[PDB]
């Protein structure tokens, strides 16, 4: 029931391995924390050697992409959200994105968090 750490990428769901290989080929996996939540559901918290941190669900679908001081690859940002960001928070970098059943949270370099619903509708600024 305990959380485990490993360097063995064979322990990640295939979909997570593919995601990392496609989108973060500039680096590689440092370690993986395999965790159970309060629902006893497995997630994977992955540190890349360059410091990037990714989180994936039990199926290897990404939940959080944290590029620290660099921009999130744009492919991960829904089009409606990128439109909004360009119009409203132009010239700012999104350095972290998280998605959940309620929507999206984009974190800027300055630490501002911009919250959207699942449709990419703006909700609020937070942190």
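Positions refer to the first chain, counted from 1.
Asker: Please work out which of 87-95 and 71-79 has the higher mean CA B-factor as recorded in the PDB entry.
Answerer: If you average the C-alpha B-factors of 87-95 and of 71-79, the larger mean comes out for 87-95.
Asker: Quick one: which of 38, 48, 34, 65 shows the highest Cα temperature factor in the PDB entry?
Answerer: Most elevated C-alpha B-factor of the set, per the entry: 38.
Asker: Which third, lowest, middle or highest, does the C-alpha temperature factor of residue 108 belong to within its own chain?
Answerer: Ranked within chain, residue 108 CA B lands in the middle tercile.
Asker: Would the CA B-factor of residue 116 place it in the lowest, middle or highest third of its chain?
Answerer: Lowest third of the chain for residue 116's C-alpha B-factor.
Asker: Compared with the other modelled residues in the chain, in which third is the CA B-factor of residue 123?
Answerer: According to the entry, residue 123 has a C-alpha B-factor in the chain's lowest third.
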